[PDB]
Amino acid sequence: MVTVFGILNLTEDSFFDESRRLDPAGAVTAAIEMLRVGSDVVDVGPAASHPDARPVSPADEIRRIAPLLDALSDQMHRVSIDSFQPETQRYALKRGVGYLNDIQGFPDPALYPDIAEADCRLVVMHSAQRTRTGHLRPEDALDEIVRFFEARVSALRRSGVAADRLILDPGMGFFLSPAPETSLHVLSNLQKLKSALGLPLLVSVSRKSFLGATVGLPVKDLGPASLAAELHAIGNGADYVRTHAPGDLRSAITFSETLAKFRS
(Lines of atoms letter the chains of each structure in order from A and count residues from 1; the text may use other names and numbers.)
(Lines give C-alpha, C1' and ligand atoms only; values in the text may rest on other atoms or scores of the structure.)
Protein backbone atom coordinates (compact mmCIF):
# COMPACT_ATOMS: atom_id res chain seq x y z
CA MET A 1 0.00 0.00 0.00
CA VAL A 2 1.24 3.46 -0.98
CA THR A 3 -0.09 6.77 0.30
CA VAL A 4 0.39 9.59 -2.22
CA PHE A 5 1.08 13.16 -1.02
CA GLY A 6 0.20 15.73 -3.71
CA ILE A 7 2.25 18.92 -3.58
CA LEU A 8 0.31 22.20 -3.31
CA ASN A 9 2.71 25.16 -3.31
CA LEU A 10 0.72 28.25 -2.33
CA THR A 11 3.36 30.57 -3.87
CA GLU A 12 3.88 28.88 -7.23
CA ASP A 13 3.80 30.80 -10.53
CA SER A 14 0.11 30.23 -11.19
CA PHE A 15 -1.13 32.02 -8.04
CA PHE A 16 -0.03 35.62 -8.71
CA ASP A 17 0.31 38.24 -11.44
CA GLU A 18 2.12 41.58 -11.79
CA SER A 19 0.44 42.78 -8.58
CA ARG A 20 2.44 40.23 -6.50
CA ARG A 21 -0.88 39.36 -4.86
CA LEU A 22 -1.72 35.78 -3.87
CA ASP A 23 -4.98 34.07 -4.85
CA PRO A 24 -6.67 32.28 -1.91
CA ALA A 25 -9.76 31.20 -3.86
CA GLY A 26 -7.58 29.63 -6.55
CA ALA A 27 -5.67 27.55 -4.00
CA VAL A 28 -8.88 26.30 -2.36
CA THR A 29 -10.21 25.16 -5.74
CA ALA A 30 -6.94 23.40 -6.62
CA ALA A 31 -6.86 21.58 -3.27
CA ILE A 32 -10.44 20.29 -3.58
CA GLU A 33 -9.74 18.94 -7.07
CA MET A 34 -6.46 17.33 -5.97
CA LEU A 35 -8.25 15.34 -3.27
CA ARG A 36 -10.91 14.36 -5.81
CA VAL A 37 -8.53 12.70 -8.28
CA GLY A 38 -5.09 11.43 -7.35
CA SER A 39 -3.99 12.79 -3.98
CA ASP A 40 -4.58 10.75 -0.85
CA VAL A 41 -3.11 13.68 1.10
CA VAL A 42 -2.67 17.28 -0.02
CA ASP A 43 0.65 18.78 1.20
CA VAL A 44 0.07 22.51 1.69
CA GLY A 45 3.22 24.61 1.45
CA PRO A 46 2.94 28.26 2.52
CA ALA A 47 6.69 28.99 2.44
CA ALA A 48 8.43 30.12 -0.73
CA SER A 49 11.45 28.40 -2.26
CA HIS A 50 11.98 31.13 -4.89
CA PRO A 51 15.66 32.11 -5.39
CA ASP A 52 14.95 35.74 -4.39
CA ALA A 53 12.40 34.98 -1.67
CA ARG A 54 12.84 36.39 1.81
CA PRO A 55 11.73 34.21 4.75
CA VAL A 56 7.98 34.11 5.28
CA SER A 57 6.85 35.12 8.76
CA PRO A 58 4.80 32.55 10.71
CA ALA A 59 1.84 34.95 10.78
CA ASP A 60 1.85 35.10 6.97
CA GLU A 61 2.06 31.30 6.79
CA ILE A 62 -0.96 30.96 9.08
CA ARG A 63 -2.97 33.49 7.06
CA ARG A 64 -2.11 31.50 3.94
CA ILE A 65 -3.18 28.06 5.22
CA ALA A 66 -6.18 29.11 7.35
CA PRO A 67 -8.58 29.51 4.36
CA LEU A 68 -7.53 26.08 3.13
CA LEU A 69 -8.17 24.42 6.51
CA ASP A 70 -11.56 26.17 6.50
CA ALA A 71 -12.52 24.58 3.19
CA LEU A 72 -11.18 21.13 4.18
CA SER A 73 -12.68 21.05 7.69
CA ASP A 74 -14.57 17.77 7.10
CA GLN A 75 -11.43 15.96 5.86
CA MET A 76 -8.61 17.18 8.10
CA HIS A 77 -6.95 13.74 7.95
CA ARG A 78 -6.12 14.29 4.26
CA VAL A 79 -4.25 17.56 4.97
CA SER A 80 -0.49 17.89 5.48
CA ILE A 81 1.16 21.20 6.39
CA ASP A 82 4.61 21.73 4.84
CA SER A 83 6.28 24.19 7.21
CA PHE A 84 9.28 24.41 9.53
CA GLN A 85 7.93 27.30 11.64
CA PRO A 86 6.90 25.92 15.06
CA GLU A 87 4.18 28.59 15.43
CA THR A 88 2.63 27.49 12.13
CA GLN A 89 2.93 23.86 13.24
CA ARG A 90 1.28 24.72 16.56
CA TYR A 91 -1.63 26.45 14.80
CA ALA A 92 -2.15 23.52 12.42
CA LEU A 93 -1.72 21.15 15.38
CA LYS A 94 -4.70 22.50 17.31
CA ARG A 95 -6.92 22.61 14.23
CA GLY A 96 -6.28 18.86 13.86
CA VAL A 97 -4.54 18.43 10.50
CA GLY A 98 -3.57 14.91 9.54
CA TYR A 99 0.17 15.51 9.12
CA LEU A 100 2.99 17.91 9.93
CA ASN A 101 5.74 17.86 7.27
CA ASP A 102 8.95 19.47 8.56
CA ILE A 103 12.09 19.71 6.43
CA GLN A 104 13.99 20.43 9.65
CA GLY A 105 12.64 17.27 11.31
CA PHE A 106 11.15 18.98 14.41
CA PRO A 107 14.38 20.06 16.16
CA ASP A 108 12.78 22.36 18.79
CA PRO A 109 11.85 20.21 21.82
CA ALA A 110 9.76 23.05 23.27
CA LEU A 111 7.06 22.02 20.76
CA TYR A 112 7.22 18.32 21.69
CA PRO A 113 4.62 18.42 24.52
CA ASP A 114 2.12 20.09 22.16
CA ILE A 115 2.78 17.33 19.62
CA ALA A 116 2.39 14.49 22.14
CA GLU A 117 -1.13 15.64 23.07
CA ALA A 118 -2.21 15.74 19.42
CA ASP A 119 -2.90 12.77 17.13
CA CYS A 120 -1.30 13.97 13.88
CA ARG A 121 1.50 12.08 12.17
CA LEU A 122 4.94 13.57 11.63
CA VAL A 123 7.02 13.51 8.45
CA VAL A 124 10.47 13.78 10.03
CA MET A 125 12.87 14.77 7.26
CA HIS A 126 16.64 14.42 7.41
CA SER A 127 18.52 17.48 6.16
CA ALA A 128 22.28 17.12 5.72
CA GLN A 129 22.87 20.88 5.85
CA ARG A 130 23.74 20.41 9.53
CA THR A 131 29.74 19.80 8.39
CA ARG A 132 32.99 17.82 8.91
CA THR A 133 35.02 17.31 5.68
CA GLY A 134 32.39 18.96 3.46
CA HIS A 135 29.31 17.97 1.48
CA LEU A 136 27.68 14.62 2.24
CA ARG A 137 29.44 11.95 0.19
CA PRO A 138 27.75 8.72 -0.96
CA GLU A 139 29.94 6.42 1.17
CA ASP A 140 28.85 8.21 4.37
CA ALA A 141 25.21 8.98 3.57
CA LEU A 142 23.49 5.87 4.97
CA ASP A 143 25.30 5.96 8.31
CA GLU A 144 24.68 9.70 8.62
CA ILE A 145 20.94 9.29 8.00
CA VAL A 146 20.64 6.41 10.46
CA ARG A 147 22.46 8.33 13.20
CA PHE A 148 20.29 11.38 12.51
CA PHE A 149 17.03 9.44 12.91
CA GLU A 150 18.31 7.44 15.88
CA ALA A 151 18.77 10.77 17.68
CA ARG A 152 15.61 12.55 16.49
CA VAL A 153 13.21 9.60 16.94
CA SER A 154 14.51 8.95 20.45
CA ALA A 155 14.13 12.65 21.28
CA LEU A 156 10.49 12.71 20.14
CA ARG A 157 9.85 9.36 21.79
CA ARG A 158 11.32 10.62 25.07
CA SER A 159 8.75 13.45 25.06
CA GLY A 160 5.74 11.16 24.58
CA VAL A 161 5.41 11.10 20.78
CA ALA A 162 4.46 7.51 19.92
CA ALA A 163 6.56 5.69 17.33
CA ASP A 164 3.53 4.76 15.18
CA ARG A 165 3.02 8.47 14.41
CA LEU A 166 6.46 8.86 12.81
CA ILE A 167 7.24 8.89 9.07
CA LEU A 168 10.89 9.19 8.06
CA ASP A 169 12.10 11.11 4.97
CA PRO A 170 15.82 10.59 4.13
CA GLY A 171 15.99 13.85 2.19
CA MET A 172 16.81 14.11 -1.52
CA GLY A 173 18.61 16.44 -3.88
CA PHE A 174 20.31 19.43 -2.28
CA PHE A 175 18.86 18.50 1.11
CA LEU A 176 21.34 15.59 1.01
CA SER A 177 24.21 17.09 -0.98
CA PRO A 178 24.89 19.24 -4.06
CA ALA A 179 26.31 16.05 -5.58
CA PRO A 180 23.72 13.96 -7.47
CA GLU A 181 25.58 10.74 -6.65
CA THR A 182 24.62 10.97 -2.97
CA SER A 183 20.90 11.04 -3.79
CA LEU A 184 21.35 8.25 -6.34
CA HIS A 185 23.21 6.12 -3.79
CA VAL A 186 20.55 6.65 -1.11
CA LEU A 187 17.63 6.02 -3.48
CA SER A 188 19.22 2.91 -5.03
CA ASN A 189 19.98 1.43 -1.59
CA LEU A 190 16.77 2.58 0.07
CA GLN A 191 15.85 -0.96 1.16
CA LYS A 192 18.88 -1.11 3.47
CA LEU A 193 17.80 2.23 4.94
CA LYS A 194 14.25 0.95 5.48
CA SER A 195 15.42 -2.22 7.25
CA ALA A 196 17.78 -0.35 9.58
CA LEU A 197 15.23 2.32 10.56
CA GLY A 198 12.23 0.03 11.05
CA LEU A 199 9.64 2.77 10.50
CA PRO A 200 7.64 3.86 7.44
CA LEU A 201 9.53 5.81 4.78
CA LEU A 202 8.49 8.80 2.69
CA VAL A 203 10.44 10.10 -0.31
CA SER A 204 10.06 13.26 -2.39
CA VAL A 205 12.14 12.99 -5.57
CA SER A 206 9.73 14.81 -7.90
CA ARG A 207 11.59 17.43 -10.00
CA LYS A 208 14.69 17.41 -7.76
CA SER A 209 18.07 18.67 -8.98
CA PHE A 210 19.61 15.20 -8.94
CA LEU A 211 17.05 13.98 -11.47
CA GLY A 212 17.91 16.91 -13.73
CA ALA A 213 21.62 16.16 -13.43
CA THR A 214 21.00 12.48 -14.23
CA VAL A 215 18.90 12.82 -17.41
CA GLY A 216 19.98 16.32 -18.51
CA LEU A 217 16.54 17.94 -18.64
CA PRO A 218 15.01 21.13 -17.18
CA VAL A 219 12.68 20.96 -14.21
CA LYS A 220 9.45 20.70 -16.21
CA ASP A 221 10.59 17.76 -18.37
CA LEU A 222 11.29 15.59 -15.30
CA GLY A 223 7.80 14.07 -14.96
CA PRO A 224 8.92 10.75 -16.47
CA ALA A 225 12.25 10.51 -14.65
CA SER A 226 10.39 11.36 -11.43
CA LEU A 227 7.85 8.60 -12.03
CA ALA A 228 10.68 6.11 -12.63
CA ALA A 229 12.37 7.28 -9.42
CA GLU A 230 9.13 7.05 -7.43
CA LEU A 231 8.26 3.54 -8.64
CA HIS A 232 11.78 2.46 -7.75
CA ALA A 233 11.41 4.01 -4.29
CA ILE A 234 8.05 2.28 -3.76
CA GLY A 235 9.57 -1.06 -4.68
CA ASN A 236 12.28 -0.50 -2.03
CA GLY A 237 10.24 0.22 1.06
CA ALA A 238 8.82 3.69 0.48
CA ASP A 239 5.32 3.75 1.99
CA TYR A 240 4.62 7.42 1.16
CA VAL A 241 5.50 9.53 -1.88
CA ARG A 242 5.37 13.32 -2.13
CA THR A 243 5.00 14.34 -5.77
CA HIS A 244 3.99 17.09 -8.19
CA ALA A 245 2.09 14.56 -10.37
CA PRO A 246 -0.01 12.53 -7.92
CA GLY A 247 -2.74 11.23 -10.24
CA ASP A 248 0.01 10.11 -12.61
CA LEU A 249 1.75 8.20 -9.83
CA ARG A 250 -1.42 6.55 -8.48
CA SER A 251 -2.38 5.18 -11.90
CA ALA A 252 1.14 3.78 -12.32
CA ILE A 253 0.92 2.26 -8.82
CA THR A 254 -2.42 0.63 -9.70
CA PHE A 255 -0.87 -0.89 -12.82
CA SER A 256 2.20 -2.15 -10.94
CA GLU A 257 0.19 -3.76 -8.15
CA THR A 258 -2.20 -5.39 -10.62
CA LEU A 259 0.71 -6.69 -12.70
CA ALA A 260 2.43 -8.29 -9.69
CA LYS A 261 -0.62 -10.51 -9.19
CA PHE A 262 0.12 -12.30 -12.49
CA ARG A 263 3.71 -13.25 -11.62
CA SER A 264 4.18 -17.03 -11.49
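Sequential numbering from 1, following the sequence displayed.
Engineer: Please classify the unmodelled stretch of the deposited sequence between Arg130 and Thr131: none, 1 to 3, 4 to 9, or 10 or more residues.
Structural biologist: The entry has 4 to 9 unmodelled residues between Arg130 and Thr131.
Engineer: For the C-alpha atoms alone, is the average B factor greater in 248 to 256 or in 16 to 24, going by the entry?
Structural biologist: Higher of the two, by average CA B-factor, is 16 to 24.
Engineer: Mean CA B-factor: is it higher for 50 to 58 or for 204 to 212?
Structural biologist: For C-alpha atoms only, the mean B-factor is higher in 50 to 58.
Engineer: Identify, among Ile115, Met172, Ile81, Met125, the residue whose C-alpha carries the highest B-factor in the deposited PDB entry.
Structural biologist: Going by the entry's C-alpha B-factors, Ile115 comes out highest.
Engineer: Of the choices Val41, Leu197, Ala225, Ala238, which one's C-alpha carries the largest B-factor in the record?
Structural biologist: Going by the entry's C-alpha B-factors, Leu197 comes out highest.
Engineer: For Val37, does the deposited CA B-factor place it in the lowest, middle or highest third of the chain?
Structural biologist: Ranked within chain, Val37 CA B lands in the highest tercile.
Engineer: What third of its chain's C-alpha B-factors does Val2 belong to: lowest, middle or highest?
Structural biologist: Middle third by C-alpha B-factor.
Engineer: Of the three thirds of its chain by CA temperature factor, lowest, middle or highest, which one includes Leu187?
Structural biologist: Middle third - that is where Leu187 ends up once the chain's C-alpha B-factors are sorted.
Engineer: Lowest, middle or highest third: where is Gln104 by Cα B-factor in its chain?
Structural biologist: For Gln104, whose C-alpha B-factor we compare with every modelled residue in the chain, the answer is the middle third.
Engineer: Report the third (lowest, middle or highest) to which the CA temperature factor of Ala92 belongs, ranking only the modelled residues of the same chain.
Structural biologist: CA B-factor rank for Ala92: middle third.
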